[PDB]
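Asker: I'd like to ask some things about the structure below.
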Protein chains: 4
Amino acid sequence: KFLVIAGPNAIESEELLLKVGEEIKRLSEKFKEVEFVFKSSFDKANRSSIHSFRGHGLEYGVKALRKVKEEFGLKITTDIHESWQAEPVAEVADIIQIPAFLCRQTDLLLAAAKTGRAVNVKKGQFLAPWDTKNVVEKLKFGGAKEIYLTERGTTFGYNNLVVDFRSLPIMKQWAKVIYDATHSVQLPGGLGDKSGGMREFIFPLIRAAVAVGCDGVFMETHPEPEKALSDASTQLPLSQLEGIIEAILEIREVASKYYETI
Amino acid sequence: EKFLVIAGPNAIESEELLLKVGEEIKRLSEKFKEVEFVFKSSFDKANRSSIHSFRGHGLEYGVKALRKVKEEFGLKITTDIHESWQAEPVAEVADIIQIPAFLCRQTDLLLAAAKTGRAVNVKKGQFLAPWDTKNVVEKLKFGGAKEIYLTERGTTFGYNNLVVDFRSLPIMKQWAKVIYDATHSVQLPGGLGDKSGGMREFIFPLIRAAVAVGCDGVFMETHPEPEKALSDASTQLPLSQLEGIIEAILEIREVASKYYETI
Amino acid sequence: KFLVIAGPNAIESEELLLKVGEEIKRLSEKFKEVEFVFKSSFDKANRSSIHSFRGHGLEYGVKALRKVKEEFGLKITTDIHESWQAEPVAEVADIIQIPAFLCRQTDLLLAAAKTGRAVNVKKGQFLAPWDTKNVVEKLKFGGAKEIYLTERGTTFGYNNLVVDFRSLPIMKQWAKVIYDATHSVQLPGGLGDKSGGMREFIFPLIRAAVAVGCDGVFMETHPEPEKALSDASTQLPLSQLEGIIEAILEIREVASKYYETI
Amino acid sequence: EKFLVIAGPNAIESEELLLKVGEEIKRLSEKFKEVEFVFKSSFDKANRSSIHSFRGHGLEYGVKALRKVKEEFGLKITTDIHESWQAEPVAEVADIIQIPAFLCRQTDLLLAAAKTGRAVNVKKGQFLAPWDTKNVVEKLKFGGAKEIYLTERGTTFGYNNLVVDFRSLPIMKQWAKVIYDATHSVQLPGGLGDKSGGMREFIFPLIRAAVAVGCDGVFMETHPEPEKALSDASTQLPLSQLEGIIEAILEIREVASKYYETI
Ligand SMILES: O=P(O)(O)OC[C@@H](O)[C@@H](O)[C@H](O)CO
Ligand SMILES: O=P(O)(O)OC[C@@H](O)[C@@H](O)[C@H](O)CO
Ligand SMILES: O=P(O)(O)OC[C@@H](O)[C@@H](O)[C@H](O)CO
Ligand SMILES: O=P(O)(O)OC[C@@H](O)[C@@H](O)[C@H](O)CO
């Protein structure tokens, strides 16, 4: 069924994770037609500034995620940054996430594939839709069987990303496609020491993604985005999550009739 | 508000081609009564890549052909102008005067269109940012236009390729009604060397995106046999697929509409 | 010999034209190895804002240019915007300039070609280097024999232009190539009601143009750029013109040894 | 100040290939005494497009091969790391630790390199704006690096193409020494499907541009027979053309130098 990956960008505290996890569990009970997957990063390994928030470590993060998985029975997904992290993260993560900048790092991909878990790769901002065919092949080579490719924007001049929706049908030829509604509107390093983004475009582009056709949506949410330690400009208020999910399910129900074959 | 659907053959290859397409557009206007149809066709392709490509049969012949369509089917008309002098005559038959993409910054052309009292639809230049359209609309208001449209037809993305940045729809809606050109948006500028190329397979998906995001109309060129078109042969929709595409976007629009943001 | 097209962006007054023309005449006498061509627009037909400066008309402009041509004996070049202007402008203009946004408008090209004058086309920001082959062909078709193609930047995201120097050798296959050092660094509609630009990059990129190899340089200059009515952000101070010309001639003398064939 | 020339075969195909190229680089270092030569070659291509493409013979073998080059020719050495653990061992032989383009934002990799006391050269990511390199340099200074380099290797321009925005050279010079990668800049990412393509014919002209603008060094991969390279076969310079290219850029640099701006 339709996939909805959601949660706070970073594991700011396992307390925050339980709050968001609670709301996601509720939506999970309300939308049985949807498969929810809780997402959160145990470490922001690519911040622009050395002085920005990274996280509390892999140990504290895997622990907090497991708490969410046991307390709410929600599947989990977090991203790895170096080959060694794959195995420990697989203990809890149902889906292992490969960062966009790292989408061509063979060993990271193979490490993830080896865990036997499902793998979701963020399409690099420097990658062409058709170039993702090779990414999928690496994973298959490594034994991955459940592979996802996530659209999250493409380099368009400086400090800007554009979403070429032509990629959704193109990538669908070799993998399930997920649309990242949060990072697609951010402005890389836009604020100097941080990245920007325009929240006002999140919903409009998400509606476009389902109208075009995708297997799932990725959307980061936080009780108080403004206070978020990371991706503050683009995180969605927890309270708006329900309305957007219902909205995309309705659009999908009608649009699906026209989704092209293969 | 009534949804606008601008459709027709890219170029006025002949008065007969126009009546052929017009007949189908008239049939559809009868079924889709919640839609305002506008018949489009250029009397001249003044910007072909090659000197050897088809241009047209002239302004005189073209306007005559468009008038025939309006009289026989009672359909509104739109066509593009290329130099200021053409505004006046074209305004005699055109309900909406279209301003080519490459020309969206030419002050005199915009002014010439504006003073005719007709509606004006500006194709957003491939070099223009969405927020730069505010001044385009200002120029038109200054020249007297009361009904203004801004059309999204793609932006330069590397060489011989265009990308559609859907953030442009809500941005431009701040100062004008917004039209999405479903056919030129999948065009590959100069892609075939002496001609431009295109990917027909992406027309429908992107048009669904456009209506899900929210726009006031769609512009899509159609032709009985796209393969034989004298222009835009790679992006023109087969006339028989027109009805289905329209039904589909009216359906996606309806279900999405309640979520369109207020500007 | 090496071509140097220079002058004030717009004909703000024939007074301004005579001042700049005087300095250019002096450089002309000092650099006999160079062919100077005085440039100025009788009308800015594509301003972003309706409230910006356009000019004093085609009559007043052609008159002022002729004054420069007679008083200093300098060849002339100005740009046309609609087909009818070609003939009258040819009376004075040795080289007719085709605006970048208008580089694919067949009739404008043919009108210019018909005058028997030389034609210089600004490569559209939306055009690929190889796409200029067709532009040249239109002109030849129209009877033009002295054809130039000017590099002036390419659309790179929003409100930004990038100079792909690969274009210089590519366009050279079918026409003489001129590098526009002034418009290449401007930021389209950058100031909202006007375009921006960074003067600090003009000289560096001009040095690159001659190191790569081009048949000429196009450079706008003004006694007091800050007061210029158009392109204020990118116009070069008249006083710096001599030093830059000498600089490019020296770089060209050494570099020319390595300019690739054809 | 001494001009830096980083050259060598893209990948350590064998210790013999290295000695072959090293021998010529040593001969050239003897002639061009005003130049500081640094021998480059990767012990691993950790980011190939295809799983079936050549990667290398391992870190152990590679470092052993690079050491042989340093001992036999007395040349400085540089090679890239892909994960933090590799910094320490690689630092035993590498004078300059290179950080791959796609990895220019990975904090731990940068930190690992910085704490070795070796010089660090960061390839500017194809997704990074020139002004965004300031934080990259800050991270390195924070981790202990005292000798830092930023390499220009092109920016994403549409699909499967890169463009070099020479404005990056003076911009980046504000916080670090600047190197121009003459070979990867003409590369066509994923251009050949399972491999990347490239246009060798543009290497020389763009390198002339780089030195005319002003930079502190050039990075150019060379190989006895580019056509047979196991990687970057499309952008690697034939070893015999190396000498001429270097002479030419030293000449253009000299004549242009008096015009280089002060930052
Ligand atoms: O530019 P800054 O603010 O460090 O932001 C980096 C974020 O955008 C980052 O961690 C994001 O989730 C990266 O992919
Ligand atoms: O590049 P060619 O095929 O001449 O095409 C130009 C057309 O696509 C053109 O007339 C289009 O309708 C231009 O705006
Ligand atoms: O954006 P504004 O300030 O109107 O500027 C337009 C100038 O850049 C313009 O006339 C220039 O010489 C156009 O090509
Ligand atoms: O796309 P392929 O040919 O695998 O190439 C990747 C190379 O060009 C690569 O290793 C280059 O040296 C990457 O940064």
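Order determines the names: the first chain of the structure tokens is A, the second B, and so forth; residues in each chain are numbered 1 upward, and ligands are numbered 1 upward as they are shown.
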Residues of chain C within 9 Å of chain B, using only C-alpha atoms, as a PyMOL selection string?
Answerer: chain C and resi 45-51+81-83+101-107+125-131+134-135+137-138+141+154-159+188-189+192-193
Asker: Based on the selection just made, write N, CA and C atoms of those residues as an mmCIF file, in the first residue's frame.
Answerer:
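Done, and the output landed in selection15.cif:
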```
data_model
loop_
_atom_site.group_PDB
_atom_site.id
_atom_site.type_symbol
_atom_site.label_atom_id
_atom_site.label_comp_id
_atom_site.auth_asym_id
_atom_site.auth_seq_id
_atom_site.Cartn_x
_atom_site.Cartn_y
_atom_site.Cartn_z
ATOM 1 N N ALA C 45 14.998 48.497 -25.229
ATOM 2 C CA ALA C 45 13.682 47.931 -25.503
ATOM 3 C C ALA C 45 13.228 46.796 -24.593
ATOM 4 N N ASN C 46 14.119 46.311 -23.741
ATOM 5 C CA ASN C 46 13.786 45.194 -22.872
ATOM 6 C C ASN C 46 13.994 45.435 -21.387
ATOM 7 N N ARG C 47 13.800 46.665 -20.907
ATOM 8 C CA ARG C 47 13.987 46.926 -19.476
ATOM 9 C C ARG C 47 12.997 46.077 -18.681
ATOM 10 N N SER C 48 13.351 45.712 -17.452
ATOM 11 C CA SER C 48 12.447 44.915 -16.617
ATOM 12 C C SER C 48 11.225 45.745 -16.242
ATOM 13 N N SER C 49 11.478 47.003 -15.894
ATOM 14 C CA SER C 49 10.422 47.913 -15.485
ATOM 15 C C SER C 49 10.015 48.937 -16.534
ATOM 16 N N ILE C 50 8.709 49.184 -16.586
ATOM 17 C CA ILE C 50 8.096 50.141 -17.501
ATOM 18 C C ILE C 50 8.542 51.549 -17.104
ATOM 19 N N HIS C 51 8.958 51.702 -15.849
ATOM 20 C CA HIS C 51 9.383 52.998 -15.323
ATOM 21 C C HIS C 51 10.867 53.311 -15.466
ATOM 22 N N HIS C 81 15.592 46.517 -32.781
ATOM 23 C CA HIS C 81 14.621 45.720 -32.045
ATOM 24 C C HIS C 81 13.427 45.228 -32.835
ATOM 25 N N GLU C 82 13.184 45.843 -33.984
ATOM 26 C CA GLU C 82 12.110 45.412 -34.868
ATOM 27 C C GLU C 82 12.643 45.603 -36.278
ATOM 28 N N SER C 83 12.119 44.809 -37.208
ATOM 29 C CA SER C 83 12.553 44.810 -38.600
ATOM 30 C C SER C 83 12.678 46.154 -39.304
ATOM 31 N N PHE C 101 17.748 38.246 -26.472
ATOM 32 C CA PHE C 101 16.398 37.689 -26.443
ATOM 33 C C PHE C 101 15.815 37.545 -27.838
ATOM 34 N N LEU C 102 16.335 38.319 -28.790
ATOM 35 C CA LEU C 102 15.819 38.305 -30.157
ATOM 36 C C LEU C 102 16.650 37.502 -31.156
ATOM 37 N N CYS C 103 17.654 36.772 -30.682
ATOM 38 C CA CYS C 103 18.523 36.021 -31.594
ATOM 39 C C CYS C 103 17.886 34.979 -32.507
ATOM 40 N N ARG C 104 16.647 34.576 -32.232
ATOM 41 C CA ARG C 104 15.988 33.598 -33.103
ATOM 42 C C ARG C 104 14.881 34.233 -33.947
ATOM 43 N N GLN C 105 14.713 35.549 -33.856
ATOM 44 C CA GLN C 105 13.668 36.201 -34.637
ATOM 45 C C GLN C 105 14.141 36.397 -36.075
ATOM 46 N N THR C 106 13.814 35.425 -36.912
ATOM 47 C CA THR C 106 14.192 35.423 -38.316
ATOM 48 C C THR C 106 14.120 36.757 -39.068
ATOM 49 N N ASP C 107 12.962 37.412 -39.049
ATOM 50 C CA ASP C 107 12.807 38.676 -39.767
ATOM 51 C C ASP C 107 13.796 39.761 -39.349
ATOM 52 N N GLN C 125 20.483 33.731 -23.967
ATOM 53 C CA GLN C 125 20.834 33.065 -22.721
ATOM 54 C C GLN C 125 20.224 31.665 -22.656
ATOM 55 N N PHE C 126 19.282 31.412 -23.551
ATOM 56 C CA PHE C 126 18.564 30.140 -23.631
ATOM 57 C C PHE C 126 19.141 29.221 -24.697
ATOM 58 N N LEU C 127 20.142 29.722 -25.424
ATOM 59 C CA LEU C 127 20.777 28.985 -26.519
ATOM 60 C C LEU C 127 22.016 28.167 -26.160
ATOM 61 N N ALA C 128 22.185 27.031 -26.835
ATOM 62 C CA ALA C 128 23.355 26.184 -26.624
ATOM 63 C C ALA C 128 24.361 26.649 -27.681
ATOM 64 N N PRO C 129 25.672 26.563 -27.383
ATOM 65 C CA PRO C 129 26.716 26.988 -28.326
ATOM 66 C C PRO C 129 26.467 26.462 -29.734
ATOM 67 N N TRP C 130 26.216 25.158 -29.836
ATOM 68 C CA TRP C 130 25.968 24.532 -31.131
ATOM 69 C C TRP C 130 24.701 25.027 -31.821
ATOM 70 N N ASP C 131 23.743 25.541 -31.057
ATOM 71 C CA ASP C 131 22.512 26.046 -31.658
ATOM 72 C C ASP C 131 22.762 27.325 -32.474
ATOM 73 N N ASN C 134 22.651 27.564 -36.664
ATOM 74 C CA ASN C 134 21.437 27.931 -37.384
ATOM 75 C C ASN C 134 21.269 29.432 -37.518
ATOM 76 N N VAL C 135 21.713 30.162 -36.502
ATOM 77 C CA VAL C 135 21.625 31.611 -36.516
ATOM 78 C C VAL C 135 22.466 32.142 -37.678
ATOM 79 N N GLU C 137 23.466 30.595 -40.326
ATOM 80 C CA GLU C 137 22.873 30.185 -41.591
ATOM 81 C C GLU C 137 21.756 31.130 -42.048
ATOM 82 N N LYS C 138 20.943 31.616 -41.115
ATOM 83 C CA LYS C 138 19.873 32.540 -41.476
ATOM 84 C C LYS C 138 20.456 33.802 -42.098
ATOM 85 N N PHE C 141 21.903 33.260 -45.480
ATOM 86 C CA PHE C 141 20.753 33.175 -46.368
ATOM 87 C C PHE C 141 20.308 34.574 -46.770
ATOM 88 N N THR C 154 24.936 32.487 -19.940
ATOM 89 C CA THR C 154 23.869 31.510 -20.116
ATOM 90 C C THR C 154 23.048 31.360 -18.838
ATOM 91 N N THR C 155 21.740 31.193 -19.003
ATOM 92 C CA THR C 155 20.836 31.032 -17.871
ATOM 93 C C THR C 155 21.342 29.911 -16.956
ATOM 94 N N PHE C 156 21.582 30.257 -15.697
ATOM 95 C CA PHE C 156 22.090 29.313 -14.712
ATOM 96 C C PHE C 156 21.258 29.480 -13.452
ATOM 97 N N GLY C 157 20.138 28.772 -13.403
ATOM 98 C CA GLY C 157 19.249 28.901 -12.274
ATOM 99 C C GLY C 157 18.548 30.233 -12.457
ATOM 100 N N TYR C 158 18.090 30.828 -11.365
ATOM 101 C CA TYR C 158 17.392 32.097 -11.438
ATOM 102 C C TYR C 158 18.277 33.307 -11.160
ATOM 103 N N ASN C 159 18.029 34.380 -11.897
ATOM 104 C CA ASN C 159 18.749 35.637 -11.729
ATOM 105 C C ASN C 159 20.255 35.489 -11.745
ATOM 106 N N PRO C 188 20.432 39.095 -14.020
ATOM 107 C CA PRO C 188 19.107 39.380 -14.587
ATOM 108 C C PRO C 188 18.032 39.692 -13.543
ATOM 109 N N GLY C 189 17.434 40.878 -13.658
ATOM 110 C CA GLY C 189 16.395 41.296 -12.731
ATOM 111 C C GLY C 189 16.773 41.141 -11.269
ATOM 112 N N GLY C 192 15.238 43.562 -8.558
ATOM 113 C CA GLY C 192 13.794 43.707 -8.581
ATOM 114 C C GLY C 192 13.317 44.489 -9.790
ATOM 115 N N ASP C 193 13.454 45.815 -9.737
ATOM 116 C CA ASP C 193 13.041 46.684 -10.840
ATOM 117 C C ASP C 193 14.168 46.861 -11.861
#
```
Asker: DSSP on the backbone: what in region 39-234 of chain A comes out strand (DSSP E), as a VMD selection string?
Answerer: chain A and resid 39 75 to 79 95 to 98 118 to 122 147 to 151 154 to 155 161 to 162 176 to 180 216 to 222
Asker: Just how far from CA of residue 12 (chain D) is CA of residue 228 (chain D), in Å to one decimal?
Answerer: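 CA of residue 228 (chain D) sits 13.3 Å away from CA of residue 12 (chain D).
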Asker: Using only C-alpha atoms, determine which residues lie at most 8 Å from region 184-188 of chain B, disregarding the query and same-chain residues fewer than 2 positions distant; provide the list as a compact mmCIF listing (two decimals) with C-alpha atoms, in the first residue's frame.
Answerer:
```
# COMPACT_ATOMS: atom_id res chain seq x y z
CA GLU B 152 4.33 28.45 -17.63
CA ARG B 153 6.22 26.77 -20.49
CA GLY B 154 9.44 25.63 -18.84
CA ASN B 160 18.63 21.65 -25.06
CA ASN B 161 16.41 20.83 -22.10
CA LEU B 162 13.74 22.54 -20.03
CA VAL B 163 12.44 21.83 -16.57
CA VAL B 164 9.13 22.87 -15.07
CA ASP B 181 1.51 25.00 -21.39
CA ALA B 182 1.49 21.19 -21.29
CA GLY B 190 17.20 22.60 -30.63
CA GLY B 191 17.19 18.93 -29.63
CA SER B 196 13.53 21.18 -31.56
CA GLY B 197 12.69 17.80 -30.03
CA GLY B 198 10.39 16.70 -27.23
CA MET B 199 9.04 13.92 -25.04
CA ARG B 200 5.31 13.34 -25.59
CA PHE B 202 5.59 13.31 -20.20
CA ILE B 203 2.78 15.62 -21.30
CA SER B 234 7.29 16.06 -31.25
CA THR B 235 5.06 17.67 -28.61
```
Asker: Rounded to one decimal, what separation in Å do you get between CA of residue 97 (chain A) and CA of residue 122 (chain A)?
Answerer: 7.4 Å
Asker: Using CA of residue 73 (chain A) and CA of residue 184 (chain A) as the two end points, give the distance in Å to one decimal.
Answerer: 28.8 Å
Asker: Which residues come within 10 Å of residue 145 (chain C), counting only C-alpha atoms, excluding same-chain residues fewer than 6 positions away, as a ChimeraX atom specification?
Answerer: /C:113,116-119,136,139
Asker: Would you mind exporting N, CA and C atoms of the selected residues as a PDB file, in the first residue's frame?
Answerer:
```pdb
ATOM      1  N   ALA C 113      20.625  41.632 -42.203  1.00  0.00           N
ATOM      2  CA  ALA C 113      21.434  41.074 -43.275  1.00  0.00           C
ATOM      3  C   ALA C 113      21.258  41.848 -44.577  1.00  0.00           C
ATOM      4  N   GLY C 116      23.209  45.060 -45.880  1.00  0.00           N
ATOM      5  CA  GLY C 116      24.547  44.921 -46.423  1.00  0.00           C
ATOM      6  C   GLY C 116      25.625  45.143 -45.375  1.00  0.00           C
ATOM      7  N   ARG C 117      25.223  45.578 -44.180  1.00  0.00           N
ATOM      8  CA  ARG C 117      26.161  45.817 -43.085  1.00  0.00           C
ATOM      9  C   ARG C 117      26.582  44.516 -42.438  1.00  0.00           C
ATOM     10  N   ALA C 118      27.548  44.601 -41.531  1.00  0.00           N
ATOM     11  CA  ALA C 118      27.996  43.421 -40.805  1.00  0.00           C
ATOM     12  C   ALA C 118      26.971  43.212 -39.685  1.00  0.00           C
ATOM     13  N   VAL C 119      26.768  41.968 -39.275  1.00  0.00           N
ATOM     14  CA  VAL C 119      25.809  41.693 -38.217  1.00  0.00           C
ATOM     15  C   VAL C 119      26.439  40.925 -37.060  1.00  0.00           C
ATOM     16  N   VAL C 136      23.713  31.685 -37.756  1.00  0.00           N
ATOM     17  CA  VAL C 136      24.633  32.097 -38.813  1.00  0.00           C
ATOM     18  C   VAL C 136      24.044  31.784 -40.187  1.00  0.00           C
ATOM     19  N   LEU C 139      21.496  34.330 -41.462  1.00  0.00           N
ATOM     20  CA  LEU C 139      22.158  35.541 -41.924  1.00  0.00           C
ATOM     21  C   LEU C 139      22.783  35.343 -43.296  1.00  0.00           C
TER      22      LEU C 139
END
```
Asker: Which of region 92-240 of chain D end up as alpha helix (DSSP H) when DSSP is run on this backbone - answer as a count of residues only?
Answerer: 34
Asker: Could you name the residues that touch region 177-183 of chain A at 8 Å or less, counting only C-alpha atoms, but leaving out those on the same chain fewer than 2 positions away, as an MDAnalysis selection string?
Answerer: chainID A and resid 3 148:153 168 171:172 175 185:186 202:203 205:206 209 214:220 234:236
Asker: Show me, as a list in words, the residues that have an atom within 6 Å of residue 196 (chain A) when counting only C-alpha atoms, minus same-chain residues fewer than 4 positions from it.
Answerer: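 In the requested format, the answer is residues 186, 187, 190, 191 and 233 of chain A.
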